[PDB]
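Engineer: File query_15.txt follows (compact mmCIF, C-alpha atoms):
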# COMPACT_ATOMS: atom_id res chain seq x y z
CA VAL A 1 -41.08 -0.10 -51.22
CA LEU A 2 -40.96 -0.45 -47.44
CA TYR A 3 -40.26 -3.53 -45.31
CA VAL A 4 -40.21 -3.22 -41.52
CA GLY A 5 -39.67 -6.89 -40.66
CA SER A 6 -38.86 -7.03 -36.95
CA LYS A 7 -38.09 -10.02 -34.71
CA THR A 8 -38.90 -12.33 -37.62
CA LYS A 9 -37.87 -15.99 -37.39
CA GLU A 10 -37.53 -18.30 -40.40
CA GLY A 11 -36.03 -21.75 -39.96
CA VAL A 12 -35.23 -21.50 -36.25
CA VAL A 13 -34.76 -24.20 -33.61
CA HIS A 14 -34.17 -23.41 -29.95
CA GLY A 15 -34.66 -24.92 -26.52
CA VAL A 16 -33.94 -28.61 -27.17
CA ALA A 17 -32.92 -31.16 -24.53
CA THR A 18 -32.20 -34.77 -25.46
CA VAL A 19 -30.92 -37.90 -23.72
CA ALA A 20 -30.06 -41.13 -25.54
CA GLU A 21 -29.00 -44.14 -23.44
CA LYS A 22 -28.36 -46.92 -25.96
CA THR A 23 -26.45 -50.09 -25.13
CA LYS A 24 -25.65 -50.90 -28.78
CA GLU A 25 -26.37 -48.91 -31.95
CA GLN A 26 -25.33 -50.51 -35.23
CA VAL A 27 -25.67 -49.52 -38.89
CA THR A 28 -24.79 -51.70 -41.90
CA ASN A 29 -24.96 -50.23 -45.40
CA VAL A 30 -24.13 -51.94 -48.70
CA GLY A 31 -24.37 -49.70 -51.76
CA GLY A 32 -27.14 -47.40 -50.55
CA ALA A 33 -27.66 -44.31 -48.39
CA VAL A 34 -28.32 -44.25 -44.64
CA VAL A 35 -29.02 -41.08 -42.64
CA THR A 36 -29.33 -41.48 -38.87
CA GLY A 37 -29.59 -39.21 -35.85
CA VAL A 38 -30.34 -35.69 -37.09
CA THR A 39 -31.17 -33.38 -34.19
CA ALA A 40 -31.73 -29.62 -33.77
CA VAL A 41 -31.13 -28.56 -37.37
CA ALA A 42 -32.34 -25.37 -39.04
CA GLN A 43 -31.76 -23.76 -42.43
CA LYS A 44 -33.22 -21.31 -44.92
CA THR A 45 -32.87 -21.46 -48.70
CA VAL A 46 -33.74 -18.81 -51.29
CA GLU A 47 -34.22 -19.96 -54.90
CA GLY A 48 -32.87 -23.45 -54.36
CA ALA A 49 -33.88 -26.92 -53.26
CA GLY A 50 -33.45 -27.35 -49.52
CA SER A 51 -33.11 -30.82 -47.99
CA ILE A 52 -32.32 -31.67 -44.37
CA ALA A 53 -32.04 -35.48 -44.11
CA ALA A 54 -32.48 -36.81 -47.65
CA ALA A 55 -31.23 -40.26 -48.67
CA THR A 56 -31.02 -41.60 -52.23
CA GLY A 57 -29.92 -45.14 -53.03
CA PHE A 58 -28.27 -44.33 -56.35
CA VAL A 59 -28.84 -42.45 -59.61
CA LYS A 60 -28.06 -44.65 -62.62
CA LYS A 61 -28.26 -42.81 -65.93
CA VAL B 1 -36.40 0.99 -51.60
CA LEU B 2 -36.29 0.69 -47.81
CA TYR B 3 -35.61 -2.36 -45.64
CA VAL B 4 -35.57 -2.01 -41.85
CA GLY B 5 -35.04 -5.66 -40.94
CA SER B 6 -34.24 -5.76 -37.23
CA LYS B 7 -33.48 -8.72 -34.94
CA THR B 8 -34.28 -11.07 -37.83
CA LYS B 9 -33.25 -14.72 -37.55
CA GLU B 10 -32.90 -17.07 -40.53
CA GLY B 11 -31.40 -20.51 -40.04
CA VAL B 12 -30.61 -20.21 -36.33
CA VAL B 13 -30.16 -22.88 -33.65
CA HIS B 14 -29.58 -22.04 -29.99
CA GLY B 15 -30.09 -23.51 -26.55
CA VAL B 16 -29.36 -27.20 -27.14
CA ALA B 17 -28.35 -29.72 -24.47
CA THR B 18 -27.63 -33.34 -25.34
CA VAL B 19 -26.36 -36.45 -23.56
CA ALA B 20 -25.49 -39.71 -25.34
CA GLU B 21 -24.44 -42.68 -23.20
CA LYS B 22 -23.79 -45.50 -25.68
CA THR B 23 -21.89 -48.66 -24.80
CA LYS B 24 -21.07 -49.52 -28.43
CA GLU B 25 -21.77 -47.57 -31.63
CA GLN B 26 -20.72 -49.21 -34.89
CA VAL B 27 -21.04 -48.27 -38.56
CA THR B 28 -20.15 -50.49 -41.53
CA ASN B 29 -20.30 -49.06 -45.05
CA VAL B 30 -19.46 -50.81 -48.33
CA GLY B 31 -19.69 -48.62 -51.41
CA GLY B 32 -22.46 -46.30 -50.25
CA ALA B 33 -22.99 -43.18 -48.13
CA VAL B 34 -23.67 -43.07 -44.39
CA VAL B 35 -24.38 -39.87 -42.43
CA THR B 36 -24.70 -40.22 -38.66
CA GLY B 37 -24.97 -37.92 -35.67
CA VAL B 38 -25.72 -34.42 -36.95
CA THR B 39 -26.56 -32.06 -34.09
CA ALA B 40 -27.13 -28.31 -33.73
CA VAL B 41 -26.51 -27.29 -37.34
CA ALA B 42 -27.71 -24.12 -39.05
CA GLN B 43 -27.12 -22.56 -42.46
CA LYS B 44 -28.57 -20.13 -44.99
CA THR B 45 -28.20 -20.34 -48.76
CA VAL B 46 -29.06 -17.72 -51.39
CA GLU B 47 -29.52 -18.91 -54.98
CA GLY B 48 -28.18 -22.40 -54.40
CA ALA B 49 -29.20 -25.85 -53.26
CA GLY B 50 -28.78 -26.23 -49.51
CA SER B 51 -28.45 -29.68 -47.93
CA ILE B 52 -27.67 -30.49 -44.30
CA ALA B 53 -27.39 -34.30 -43.99
CA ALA B 54 -27.81 -35.67 -47.51
CA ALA B 55 -26.56 -39.13 -48.48
CA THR B 56 -26.34 -40.52 -52.02
CA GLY B 57 -25.23 -44.07 -52.77
CA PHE B 58 -23.57 -43.30 -56.10
CA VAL B 59 -24.13 -41.46 -59.38
CA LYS B 60 -23.33 -43.70 -62.35
CA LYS B 61 -23.52 -41.91 -65.70
CA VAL C 1 -45.81 -1.20 -50.84
CA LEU C 2 -45.67 -1.60 -47.06
CA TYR C 3 -44.96 -4.71 -44.97
CA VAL C 4 -44.90 -4.45 -41.18
CA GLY C 5 -44.35 -8.13 -40.37
CA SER C 6 -43.52 -8.32 -36.67
CA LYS C 7 -42.74 -11.34 -34.47
CA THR C 8 -43.56 -13.62 -37.41
CA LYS C 9 -42.52 -17.28 -37.23
CA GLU C 10 -42.20 -19.55 -40.28
CA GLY C 11 -40.70 -23.00 -39.89
CA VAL C 12 -39.88 -22.79 -36.18
CA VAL C 13 -39.40 -25.53 -33.58
CA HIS C 14 -38.79 -24.79 -29.91
CA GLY C 15 -39.27 -26.35 -26.50
CA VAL C 16 -38.55 -30.02 -27.20
CA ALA C 17 -37.51 -32.61 -24.60
CA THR C 18 -36.79 -36.20 -25.57
CA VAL C 19 -35.51 -39.36 -23.88
CA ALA C 20 -34.65 -42.57 -25.75
CA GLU C 21 -33.59 -45.60 -23.70
CA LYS C 22 -32.95 -48.35 -26.26
CA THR C 23 -31.04 -51.53 -25.48
CA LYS C 24 -30.26 -52.30 -29.14
CA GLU C 25 -30.99 -50.26 -32.28
CA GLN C 26 -29.96 -51.82 -35.59
CA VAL C 27 -30.32 -50.78 -39.24
CA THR C 28 -29.46 -52.92 -42.27
CA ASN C 29 -29.64 -51.40 -45.75
CA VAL C 30 -28.82 -53.07 -49.08
CA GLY C 31 -29.08 -50.79 -52.11
CA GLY C 32 -31.85 -48.50 -50.86
CA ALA C 33 -32.36 -45.45 -48.66
CA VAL C 34 -33.00 -45.43 -44.90
CA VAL C 35 -33.69 -42.28 -42.86
CA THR C 36 -33.99 -42.74 -39.09
CA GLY C 37 -34.23 -40.51 -36.04
CA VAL C 38 -34.98 -36.98 -37.23
CA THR C 39 -35.81 -34.70 -34.29
CA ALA C 40 -36.37 -30.95 -33.83
CA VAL C 41 -35.78 -29.84 -37.42
CA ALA C 42 -37.00 -26.63 -39.04
CA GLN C 43 -36.44 -24.98 -42.40
CA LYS C 44 -37.91 -22.49 -44.86
CA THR C 45 -37.58 -22.59 -48.64
CA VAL C 46 -38.46 -19.91 -51.19
CA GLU C 47 -38.95 -21.01 -54.81
CA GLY C 48 -37.61 -24.51 -54.33
CA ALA C 49 -38.61 -27.99 -53.27
CA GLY C 50 -38.16 -28.47 -49.54
CA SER C 51 -37.81 -31.96 -48.05
CA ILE C 52 -37.00 -32.86 -44.44
CA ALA C 53 -36.72 -36.67 -44.24
CA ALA C 54 -37.17 -37.95 -47.80
CA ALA C 55 -35.93 -41.39 -48.86
CA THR C 56 -35.74 -42.68 -52.44
CA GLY C 57 -34.64 -46.21 -53.29
CA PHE C 58 -33.00 -45.35 -56.61
CA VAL C 59 -33.59 -43.43 -59.84
CA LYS C 60 -32.82 -45.59 -62.88
CA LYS C 61 -33.04 -43.71 -66.17
CA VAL D 1 -19.37 -62.81 6.94
CA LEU D 2 -19.35 -62.44 3.15
CA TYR D 3 -20.51 -59.52 0.99
CA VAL D 4 -20.16 -59.73 -2.79
CA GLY D 5 -21.84 -56.44 -3.69
CA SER D 6 -21.13 -55.83 -7.38
CA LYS D 7 -22.18 -52.95 -9.65
CA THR D 8 -24.29 -51.56 -6.81
CA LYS D 9 -25.58 -47.99 -7.07
CA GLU D 10 -26.76 -45.93 -4.09
CA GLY D 11 -27.54 -42.25 -4.54
CA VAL D 12 -26.61 -41.97 -8.22
CA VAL D 13 -27.73 -39.50 -10.90
CA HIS D 14 -26.66 -39.78 -14.52
CA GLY D 15 -27.82 -38.83 -17.99
CA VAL D 16 -29.41 -35.42 -17.38
CA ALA D 17 -29.98 -32.75 -20.03
CA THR D 18 -31.54 -29.40 -19.15
CA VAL D 19 -32.27 -26.11 -20.90
CA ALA D 20 -33.53 -22.98 -19.11
CA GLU D 21 -34.36 -19.92 -21.23
CA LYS D 22 -35.55 -17.30 -18.74
CA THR D 23 -35.83 -13.61 -19.57
CA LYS D 24 -35.78 -12.49 -15.91
CA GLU D 25 -35.31 -14.54 -12.73
CA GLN D 26 -35.51 -12.64 -9.45
CA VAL D 27 -35.33 -13.66 -5.78
CA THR D 28 -36.00 -11.39 -2.79
CA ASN D 29 -35.40 -12.69 0.73
CA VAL D 30 -35.84 -10.83 4.02
CA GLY D 31 -34.84 -12.80 7.11
CA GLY D 32 -35.69 -16.28 5.86
CA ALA D 33 -34.24 -19.08 3.74
CA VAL D 34 -34.60 -19.51 -0.03
CA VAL D 35 -33.25 -22.48 -1.99
CA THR D 36 -33.60 -22.33 -5.77
CA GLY D 37 -32.38 -24.30 -8.76
CA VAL D 38 -30.98 -27.60 -7.49
CA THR D 39 -30.20 -29.96 -10.37
CA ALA D 40 -28.45 -33.33 -10.74
CA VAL D 41 -27.46 -33.85 -7.10
CA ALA D 42 -26.63 -37.15 -5.41
CA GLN D 43 -25.35 -38.13 -1.98
CA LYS D 44 -25.18 -40.99 0.51
CA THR D 45 -25.11 -40.67 4.29
CA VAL D 46 -24.36 -43.34 6.90
CA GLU D 47 -25.54 -42.69 10.47
CA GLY D 48 -26.48 -39.07 9.92
CA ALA D 49 -29.28 -36.85 8.72
CA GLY D 50 -29.05 -36.23 4.99
CA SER D 51 -30.75 -33.22 3.41
CA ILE D 52 -30.48 -32.04 -0.20
CA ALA D 53 -32.47 -28.79 -0.52
CA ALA D 54 -33.73 -27.98 2.99
CA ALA D 55 -34.77 -24.46 3.98
CA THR D 56 -35.50 -23.26 7.52
CA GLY D 57 -36.71 -19.75 8.29
CA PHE D 58 -35.01 -19.46 11.68
CA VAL D 59 -34.49 -21.32 14.95
CA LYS D 60 -35.25 -19.09 17.94
CA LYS D 61 -34.45 -20.71 21.28
CA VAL E 1 -23.80 -64.65 6.41
CA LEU E 2 -23.79 -64.23 2.62
CA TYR E 3 -24.97 -61.29 0.51
CA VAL E 4 -24.63 -61.45 -3.28
CA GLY E 5 -26.31 -58.15 -4.13
CA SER E 6 -25.62 -57.49 -7.81
CA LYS E 7 -26.68 -54.58 -10.04
CA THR E 8 -28.78 -53.23 -7.17
CA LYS E 9 -30.07 -49.65 -7.38
CA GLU E 10 -31.24 -47.63 -4.37
CA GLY E 11 -32.02 -43.95 -4.77
CA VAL E 12 -31.11 -43.62 -8.45
CA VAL E 13 -32.23 -41.12 -11.09
CA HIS E 14 -31.18 -41.35 -14.72
CA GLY E 15 -32.36 -40.35 -18.17
CA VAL E 16 -33.94 -36.95 -17.52
CA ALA E 17 -34.53 -34.24 -20.13
CA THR E 18 -36.08 -30.91 -19.20
CA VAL E 19 -36.82 -27.59 -20.90
CA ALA E 20 -38.07 -24.49 -19.06
CA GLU E 21 -38.91 -21.40 -21.14
CA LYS E 22 -40.08 -18.81 -18.61
CA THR E 23 -40.37 -15.11 -19.39
CA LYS E 24 -40.31 -14.04 -15.72
CA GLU E 25 -39.82 -16.13 -12.57
CA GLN E 26 -40.01 -14.28 -9.26
CA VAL E 27 -39.82 -15.34 -5.61
CA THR E 28 -40.47 -13.11 -2.59
CA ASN E 29 -39.85 -14.46 0.92
CA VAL E 30 -40.28 -12.64 4.24
CA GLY E 31 -39.26 -14.65 7.29
CA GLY E 32 -40.12 -18.11 6.00
CA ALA E 33 -38.68 -20.89 3.84
CA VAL E 34 -39.06 -21.26 0.07
CA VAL E 35 -37.71 -24.21 -1.94
CA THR E 36 -38.08 -24.01 -5.72
CA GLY E 37 -36.88 -25.94 -8.74
CA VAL E 38 -35.47 -29.26 -7.51
CA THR E 39 -34.70 -31.58 -10.43
CA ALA E 40 -32.95 -34.94 -10.84
CA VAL E 41 -31.95 -35.52 -7.22
CA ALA E 42 -31.11 -38.84 -5.58
CA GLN E 43 -29.81 -39.86 -2.17
CA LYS E 44 -29.63 -42.75 0.28
CA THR E 45 -29.55 -42.48 4.07
CA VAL E 46 -28.78 -45.18 6.64
CA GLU E 47 -29.95 -44.59 10.23
CA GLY E 48 -30.89 -40.96 9.72
CA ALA E 49 -33.70 -38.72 8.57
CA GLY E 50 -33.49 -38.05 4.85
CA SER E 51 -35.19 -35.02 3.31
CA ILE E 52 -34.94 -33.80 -0.28
CA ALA E 53 -36.93 -30.54 -0.55
CA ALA E 54 -38.17 -29.78 2.97
CA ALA E 55 -39.21 -26.27 4.01
CA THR E 56 -39.93 -25.12 7.57
CA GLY E 57 -41.13 -21.62 8.39
CA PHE E 58 -39.42 -21.36 11.77
CA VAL E 59 -38.88 -23.27 15.02
CA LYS E 60 -39.63 -21.08 18.04
CA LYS E 61 -38.82 -22.75 21.36
CA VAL F 1 -28.24 -66.51 5.85
CA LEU F 2 -28.25 -66.04 2.07
CA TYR F 3 -29.43 -63.07 0.00
CA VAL F 4 -29.11 -63.18 -3.79
CA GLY F 5 -30.80 -59.87 -4.59
CA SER F 6 -30.13 -59.16 -8.27
CA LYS F 7 -31.20 -56.22 -10.45
CA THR F 8 -33.28 -54.90 -7.55
CA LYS F 9 -34.57 -51.33 -7.71
CA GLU F 10 -35.73 -49.35 -4.66
CA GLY F 11 -36.52 -45.66 -5.01
CA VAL F 12 -35.62 -45.29 -8.69
CA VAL F 13 -36.76 -42.75 -11.29
CA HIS F 14 -35.73 -42.93 -14.93
CA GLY F 15 -36.92 -41.89 -18.37
CA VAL F 16 -38.50 -38.50 -17.66
CA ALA F 17 -39.10 -35.75 -20.23
CA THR F 18 -40.65 -32.43 -19.25
CA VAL F 19 -41.40 -29.09 -20.91
CA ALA F 20 -42.64 -26.02 -19.02
CA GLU F 21 -43.49 -22.90 -21.05
CA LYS F 22 -44.65 -20.35 -18.48
CA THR F 23 -44.95 -16.64 -19.21
CA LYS F 24 -44.87 -15.62 -15.53
CA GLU F 25 -44.36 -17.75 -12.41
CA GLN F 26 -44.54 -15.94 -9.07
CA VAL F 27 -44.33 -17.05 -5.43
CA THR F 28 -44.97 -14.86 -2.38
CA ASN F 29 -44.33 -16.25 1.10
CA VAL F 30 -44.75 -14.48 4.45
CA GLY F 31 -43.72 -16.53 7.47
CA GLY F 32 -44.58 -19.98 6.13
CA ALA F 33 -43.14 -22.72 3.93
CA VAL F 34 -43.54 -23.05 0.16
CA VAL F 35 -42.20 -25.97 -1.90
CA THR F 36 -42.59 -25.71 -5.67
CA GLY F 37 -41.40 -27.61 -8.72
CA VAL F 38 -39.98 -30.94 -7.55
CA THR F 39 -39.23 -33.22 -10.50
CA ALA F 40 -37.48 -36.58 -10.96
CA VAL F 41 -36.46 -37.20 -7.35
CA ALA F 42 -35.61 -40.54 -5.76
CA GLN F 43 -34.30 -41.61 -2.37
CA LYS F 44 -34.11 -44.53 0.04
CA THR F 45 -34.01 -44.31 3.84
CA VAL F 46 -33.23 -47.04 6.36
CA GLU F 47 -34.38 -46.50 9.96
CA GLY F 48 -35.32 -42.86 9.51
CA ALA F 49 -38.14 -40.61 8.40
CA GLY F 50 -37.95 -39.90 4.69
CA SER F 51 -39.66 -36.84 3.20
CA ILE F 52 -39.42 -35.57 -0.38
CA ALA F 53 -41.42 -32.31 -0.59
CA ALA F 54 -42.64 -31.60 2.94
CA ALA F 55 -43.67 -28.10 4.04
CA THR F 56 -44.38 -27.00 7.61
CA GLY F 57 -45.57 -23.51 8.48
CA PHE F 58 -43.85 -23.30 11.86
CA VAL F 59 -43.30 -25.26 15.08
CA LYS F 60 -44.03 -23.10 18.13
CA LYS F 61 -43.20 -24.81 21.42
As structure tokens, how would this structure be written, given the file I've shared?
Structural biologist:
Amino acid sequence: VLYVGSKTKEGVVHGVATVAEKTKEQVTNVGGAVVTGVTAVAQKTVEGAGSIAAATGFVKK
Amino acid sequence: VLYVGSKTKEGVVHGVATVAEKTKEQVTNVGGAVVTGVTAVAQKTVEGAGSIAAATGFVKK
Amino acid sequence: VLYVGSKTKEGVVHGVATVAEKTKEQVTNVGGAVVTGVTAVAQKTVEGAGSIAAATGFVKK
Amino acid sequence: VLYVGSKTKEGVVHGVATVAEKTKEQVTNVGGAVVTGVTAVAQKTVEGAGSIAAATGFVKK
Amino acid sequence: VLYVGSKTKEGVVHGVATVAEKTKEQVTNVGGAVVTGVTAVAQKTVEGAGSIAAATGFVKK
Amino acid sequence: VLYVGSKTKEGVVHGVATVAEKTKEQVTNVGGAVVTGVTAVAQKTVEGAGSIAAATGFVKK
């Protein structure tokens, strides 16, 4: 009947500092799924499936 | 009946600092799915499936 | 009937500092699922399955 | 007689990532010297005095 | 007679990540010297006095 | 006569990650010297006095 939600945070990312000094970064994929280098991600889902970094090789049916 | 949501945050990203010094970055994909280098992403879904960095090799049916 | 949620946090990441000095980073995938390098991720799901870094080789049916 | 200096670094700063979330930052100075917030500074001096963040109240003579 | 200095580093700073979440930062100085918040600084001096964060109240002579 | 210095490091700082969550940081100085918060500093001096974070109240002469 009454909802006084104030300064609420849901799925929040803040204050991130990153440094990546790589001389060689290589990815080789053959028929699959590769997810690499996810940083500072936020989301909110209502009545649904919520993935961030989800890999699936294949779905044979 | 009453909703007084104030200063609410849902799926929020802020204050991000990144440095990437790479001499060589290489990706090789053959028939699959490759997701690389997602940074500072935010979203909100209502009554739906919400992905951010989702890879799927293939869907054979 | 009454909900006075104030300064609530649900699925929150903040204050992260990272340094990655790698001379060579290599990934080789053949028909599967590889998830690498997830950092500073937050999410909130309501009535749904919530994954962050979920890998599945394949789903044969 | 011979100097084959190669890829030499002297006074070098690189790859810096910073985040500063401050709600209130205040400085009050009365007759002195205040140095605040030096970041990612580099220099090289030859036959001279080299300061970066040097404060001196006063020099009465 | 011969100097083959190669890939030499002298006074070098690299790969720094910092996060500072401060609600209130205050400095009050009366007739002195205050040095605050030096980060990721590098220098090289030859035949001279090298300071980075040096404070001196006063020099009465 | 011969100097084959290779990959030499002198006064080097690298790979530093810092997080500072302070609710209130206060400094009060009256006629002296205050040095606060030095981080990731490097230097090299040749034939000279090298200080990094040196405080001196005063020099009366």
Engineer: Could you give me, as JSON lines, every chain C residue with an atom at most 12 Å from chain F, plus its closest atom pair and distance in Å to one decimal, counting all atoms listed in the file, rows ordered by chain then number?
Structural biologist:
{"residue": "C:14", "atom": "CA", "partner": "F:21", "partner_atom": "CA", "distance": 10.2}
{"residue": "C:15", "atom": "CA", "partner": "F:19", "partner_atom": "CA", "distance": 6.6}
{"residue": "C:16", "atom": "CA", "partner": "F:19", "partner_atom": "CA", "distance": 7.0}
{"residue": "C:17", "atom": "CA", "partner": "F:17", "partner_atom": "CA", "distance": 5.6}
{"residue": "C:18", "atom": "CA", "partner": "F:17", "partner_atom": "CA", "distance": 5.8}
{"residue": "C:19", "atom": "CA", "partner": "F:15", "partner_atom": "CA", "distance": 6.2}
{"residue": "C:20", "atom": "CA", "partner": "F:15", "partner_atom": "CA", "distance": 7.8}
{"residue": "C:21", "atom": "CA", "partner": "F:15", "partner_atom": "CA", "distance": 7.3}
{"residue": "C:22", "atom": "CA", "partner": "F:15", "partner_atom": "CA", "distance": 10.9}
Engineer: Both chains have the same sequence, so match all Cα atoms in order, fit chain F onto chain B by least squares, and return it as a PDB file with C-alpha atoms, in the coordinates of the input.
Structural biologist:
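The result, written out as out_9.pdb:
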ATOM      1  CA  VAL F   1     -36.401   0.993 -51.602  1.00  0.00           C
ATOM      2  CA  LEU F   2     -36.296   0.689 -47.806  1.00  0.00           C
ATOM      3  CA  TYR F   3     -35.606  -2.363 -45.637  1.00  0.00           C
ATOM      4  CA  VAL F   4     -35.572  -2.003 -41.849  1.00  0.00           C
ATOM      5  CA  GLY F   5     -35.043  -5.658 -40.945  1.00  0.00           C
ATOM      6  CA  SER F   6     -34.241  -5.760 -37.224  1.00  0.00           C
ATOM      7  CA  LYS F   7     -33.485  -8.721 -34.944  1.00  0.00           C
ATOM      8  CA  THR F   8     -34.277 -11.072 -37.829  1.00  0.00           C
ATOM      9  CA  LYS F   9     -33.245 -14.718 -37.545  1.00  0.00           C
ATOM     10  CA  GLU F  10     -32.899 -17.069 -40.532  1.00  0.00           C
ATOM     11  CA  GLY F  11     -31.400 -20.515 -40.041  1.00  0.00           C
ATOM     12  CA  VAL F  12     -30.611 -20.207 -36.330  1.00  0.00           C
ATOM     13  CA  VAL F  13     -30.162 -22.876 -33.649  1.00  0.00           C
ATOM     14  CA  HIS F  14     -29.587 -22.047 -29.999  1.00  0.00           C
ATOM     15  CA  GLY F  15     -30.090 -23.510 -26.544  1.00  0.00           C
ATOM     16  CA  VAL F  16     -29.361 -27.198 -27.142  1.00  0.00           C
ATOM     17  CA  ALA F  17     -28.351 -29.722 -24.471  1.00  0.00           C
ATOM     18  CA  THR F  18     -27.627 -33.342 -25.341  1.00  0.00           C
ATOM     19  CA  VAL F  19     -26.356 -36.452 -23.556  1.00  0.00           C
ATOM     20  CA  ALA F  20     -25.488 -39.708 -25.340  1.00  0.00           C
ATOM     21  CA  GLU F  21     -24.441 -42.690 -23.197  1.00  0.00           C
ATOM     22  CA  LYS F  22     -23.783 -45.492 -25.680  1.00  0.00           C
ATOM     23  CA  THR F  23     -21.891 -48.659 -24.799  1.00  0.00           C
ATOM     24  CA  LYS F  24     -21.074 -49.521 -28.429  1.00  0.00           C
ATOM     25  CA  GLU F  25     -21.772 -47.564 -31.626  1.00  0.00           C
ATOM     26  CA  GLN F  26     -20.719 -49.211 -34.888  1.00  0.00           C
ATOM     27  CA  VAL F  27     -21.043 -48.268 -38.567  1.00  0.00           C
ATOM     28  CA  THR F  28     -20.153 -50.485 -41.534  1.00  0.00           C
ATOM     29  CA  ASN F  29     -20.298 -49.061 -45.055  1.00  0.00           C
ATOM     30  CA  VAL F  30     -19.463 -50.815 -48.335  1.00  0.00           C
ATOM     31  CA  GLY F  31     -19.696 -48.618 -51.417  1.00  0.00           C
ATOM     32  CA  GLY F  32     -22.465 -46.294 -50.244  1.00  0.00           C
ATOM     33  CA  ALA F  33     -22.991 -43.182 -48.133  1.00  0.00           C
ATOM     34  CA  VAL F  34     -23.668 -43.065 -44.390  1.00  0.00           C
ATOM     35  CA  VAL F  35     -24.375 -39.869 -42.428  1.00  0.00           C
ATOM     36  CA  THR F  36     -24.699 -40.224 -38.660  1.00  0.00           C
ATOM     37  CA  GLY F  37     -24.973 -37.921 -35.669  1.00  0.00           C
ATOM     38  CA  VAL F  38     -25.717 -34.416 -36.949  1.00  0.00           C
ATOM     39  CA  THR F  39     -26.566 -32.064 -34.084  1.00  0.00           C
ATOM     40  CA  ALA F  40     -27.129 -28.306 -33.731  1.00  0.00           C
ATOM     41  CA  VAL F  41     -26.511 -27.286 -37.341  1.00  0.00           C
ATOM     42  CA  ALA F  42     -27.704 -24.116 -39.054  1.00  0.00           C
ATOM     43  CA  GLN F  43     -27.123 -22.557 -42.457  1.00  0.00           C
ATOM     44  CA  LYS F  44     -28.572 -20.132 -44.985  1.00  0.00           C
ATOM     45  CA  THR F  45     -28.201 -20.336 -48.769  1.00  0.00           C
ATOM     46  CA  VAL F  46     -29.056 -17.722 -51.386  1.00  0.00           C
ATOM     47  CA  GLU F  47     -29.520 -18.912 -54.984  1.00  0.00           C
ATOM     48  CA  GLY F  48     -28.175 -22.403 -54.399  1.00  0.00           C
ATOM     49  CA  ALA F  49     -29.195 -25.852 -53.255  1.00  0.00           C
ATOM     50  CA  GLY F  50     -28.784 -26.235 -49.515  1.00  0.00           C
ATOM     51  CA  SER F  51     -28.446 -29.683 -47.932  1.00  0.00           C
ATOM     52  CA  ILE F  52     -27.662 -30.493 -44.297  1.00  0.00           C
ATOM     53  CA  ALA F  53     -27.389 -34.302 -43.991  1.00  0.00           C
ATOM     54  CA  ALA F  54     -27.813 -35.669 -47.513  1.00  0.00           C
ATOM     55  CA  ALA F  55     -26.558 -39.133 -48.484  1.00  0.00           C
ATOM     56  CA  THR F  56     -26.339 -40.519 -52.019  1.00  0.00           C
ATOM     57  CA  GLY F  57     -25.229 -44.064 -52.764  1.00  0.00           C
ATOM     58  CA  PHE F  58     -23.569 -43.302 -56.094  1.00  0.00           C
ATOM     59  CA  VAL F  59     -24.130 -41.463 -59.382  1.00  0.00           C
ATOM     60  CA  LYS F  60     -23.331 -43.708 -62.352  1.00  0.00           C
ATOM     61  CA  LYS F  61     -23.517 -41.909 -65.694  1.00  0.00           C
TER      62      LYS F  61
END
Engineer: Could the centre and edge lengths of an axis-aligned box, enclosing all atoms of stretch 25-44 of chain D in the file with 3 Å extra on each side, be given in Å to one decimal as lines of an AutoDock Vina configuration file?
Structural biologist:
center_x = -30.6
center_y = -25.9
center_z = -2.8
size_x = 16.8
size_y = 36.2
size_z = 25.8
Engineer: For the atom pair atom CA of residue F:3 and atom CA of residue D:46, what is the interatomic distance in Å to one decimal place?
Structural biologist: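 Atom-to-atom, atom CA of residue F:3 to atom CA of residue D:46, that is 21.5 Å.
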Engineer: Please, what distance in Å, to one decimal, runs between atom CA of residue F:28 and atom CA of residue E:59?
Structural biologist: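 Taking atom CA of residue F:28 as the start and atom CA of residue E:59 as the end point, the length is 20.3 Å.
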Engineer: Leaving out residue D:53 and any residue of its chain fewer than 5 positions from it, which residues lie within 12 Å of it when counting only C-alpha atoms, given as a count of residues only?
Structural biologist: 36
Engineer: Quick one: pull the distance between atom CA of residue B:1 and atom CA of residue A:1, Å, one decimal.
Structural biologist: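 Taking atom CA of residue B:1 and atom CA of residue A:1, their separation equals 4.8 Å.
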Engineer: Using all atoms listed in the file, find all polymer residues with an atom at most 12 Å away from the point (-26.5, -53.5, -39.7); report them as a ChimeraX atom specification.
Structural biologist: /A:24-30,34 /B:25-30,34 /C:24-30,34
Engineer: Which residues, written as a list in words, have at least one atom at most 8 Å from residue C:48, with all atoms listed in the file counted and residues fewer than 3 positions away on the same chain left out?
Structural biologist: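 So the residues in contact are residues 45, 46, 47, 48, 49 and 50 of chain A; 45 of chain C.
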Engineer: Please provide the set of residues having any atom within 9 Å of residue C:60, restricted to only C-alpha atoms, with same-chain residues fewer than 4 positions apart removed, written as an mmCIF file with C-alpha atoms, in the frame of the given file.
Structural biologist:
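Written file, around36.cif:
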data_model
loop_
_atom_site.group_PDB
_atom_site.id
_atom_site.type_symbol
_atom_site.label_atom_id
_atom_site.label_comp_id
_atom_site.auth_asym_id
_atom_site.auth_seq_id
_atom_site.Cartn_x
_atom_site.Cartn_y
_atom_site.Cartn_z
ATOM 1 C CA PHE A 58 -28.270 -44.330 -56.350
ATOM 2 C CA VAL A 59 -28.840 -42.450 -59.610
ATOM 3 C CA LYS A 60 -28.060 -44.650 -62.620
ATOM 4 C CA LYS A 61 -28.260 -42.810 -65.930
#
